[PDB]
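One chain comes next, on its own, written out as structure tokens in the form deposited in one PDB entry.
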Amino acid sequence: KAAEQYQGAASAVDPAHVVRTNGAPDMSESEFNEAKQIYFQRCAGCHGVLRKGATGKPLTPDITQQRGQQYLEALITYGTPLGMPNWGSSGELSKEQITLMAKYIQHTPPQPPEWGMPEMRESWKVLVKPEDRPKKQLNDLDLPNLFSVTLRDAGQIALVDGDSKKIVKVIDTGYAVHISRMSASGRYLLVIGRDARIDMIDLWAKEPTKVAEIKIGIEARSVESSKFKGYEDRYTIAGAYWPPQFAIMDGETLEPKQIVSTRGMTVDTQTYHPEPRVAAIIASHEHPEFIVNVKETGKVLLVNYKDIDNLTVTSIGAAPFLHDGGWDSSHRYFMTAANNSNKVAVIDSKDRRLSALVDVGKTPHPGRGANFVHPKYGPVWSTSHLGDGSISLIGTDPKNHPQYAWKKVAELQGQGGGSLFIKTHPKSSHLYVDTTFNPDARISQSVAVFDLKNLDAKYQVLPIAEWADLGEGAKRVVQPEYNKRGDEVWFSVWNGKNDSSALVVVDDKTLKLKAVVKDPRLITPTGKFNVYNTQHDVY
């Protein structure tokens, strides 16, 4: 009873300032659930689970009820020229459905489940123990030249032989794998689906097989392996969209070790954000750390794995909406993009600080970027954009080129906006740029190629989807990817689930069609990752 009186006083919190949420328009279970289904299929990706993910005002009840039924139905119907699509004018949703959505966003956001250690371990499986695994490569495949390709809708991935252009093995994975990464030893291929399910693949088995699996959240996009000297296959890290967290696992078995929440204060307004999605993750070569990108709060975390029992995290503030990115030629500066902020953040991994914030085009989307030596400006890193057809070239040499370091030194012009990936290779004199989400079909089905030896000349357009000879379908071309020796660049002809797709290979030296990969199993091919280039960050 002593301890009961000890903690018996009043909370300093004023009841009058703790508010009950409601005053929303009534809707039955049938109605409520219909809107909710529409919400996650059509709105969630941009607005988030708790409705604070997009730019502009959040869709939380304090704002929506203020605007009211009429204003909301009107906005959802026509959209806005700032990124909010029109759902009525386009015919996407009915007026009845839009009325449902306007009612829906006036209610408190339904809560998705959390996903801690018990859920994680439950989902964790070791298909093949480290003791039962081969001591050496048991197949005669040229693993470095293998291409891990995502059969998106199929929920699988395909290993494709670089030289033979044939599918060696198809593997079952999590739905719509987003990226593929290689372990520092070059033996394990890691893949993670948007459903947060990670699969570990042993390339040394007679036939490449899965040795371990785990689910690290409800939704996810990234995975990475420890690449610091003396830590080959030590730790594997993965970031989730929901819950706002990342998890560190055992490199050999994928055993859950640490789970860290990214919920926190933003870099810009320094206010609490309840859902800071984890974006890109890259492993440091300077220190035993993982460089994690936290989107909404716009934070770059340096997570030290030298001692995972007592995690040390350095939080570097950058700019809101961090997404993708990659290393500079030297592998010390993490050139990442804050897309909605129209900036590229530069993270000095050695000194562990924000080297600079570079102003670029509308909605930069570099992927891992493209590094090359410019005749006049020296070592540069480049990116294309979704908001425009420009290509930003940034100087990346502080030591021997202070005049150009962290400056948008020059621009190039491609086919137009809607670009996703820019590419090049050390042995190549060409720079590729795609246009996957360009509203023009011809431009979306082709790629622009620049001449590094003559950057003044306009690009050449390579008709990739046409070369494929596929037939009907949108046939969107996406992500150029070189092979081991960088003498051929690969592309994905991302056609529908019920249509026909292909991977088109081009001779880098002649810019001529070299081959086309077709297979009934090659369903919705998207990302392609060449083992050697992925593992050694060659781009």
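Rigid core: the largest C-alpha set superposing within 1.5 Å between the two forms. Residues carry their position along the shown sequence, with the first being 1.
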Stretch with the higher entry mean CA B-factor, where the candidates are 322-330 and 256-264: 322-330
451-459 or 379-387, whichever carries the higher mean Cα B-factor: 451-459
From 275, 140, 195, 153, residue of greatest CA B-factor: 140
Among 134, 217, 361, 110 - the residue whose C-alpha B-factor is largest in the record: 134
Residue 25 - which third its CA temperature factor falls in, relative to the rest of the chain: highest
Residue 231 CA temperature factor, ranked by third within the chain: highest
Residue 41, C-alpha B-factor rank within chain (lowest, middle or highest third): middle
Third assignment of residue 60 from its chain's C-alpha B-factors: middle
Chain-wide C-alpha B factor ranking for residue 19, given as lowest, middle or highest third: highest
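The same protein also has a form deposited in another entry, omitted here; what follows describes it.
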Of the candidates 405, 105, 248, 159, the only Cα that travels 2 Å or more between this form and the one not shown, given a rigid-core fit: 105
Rigid core fit then residue 121 CA moved by 2 Å or more between this form and the one not shown: no
Displaced residue check between this form and the one not shown: residue 73, CA, 2 Å or over, core reference: yes
After fitting the core, residue 172 CA displacement of 2 Å or more between this form and the one not shown: no
Direction of Cα pair change residue 215-residue 45 in the other entry, magnitude 3 angstroms or more: closer
Comparison of CA distance in the other entry with shown form for residue 35, residue 197, at least 3 Å: closer
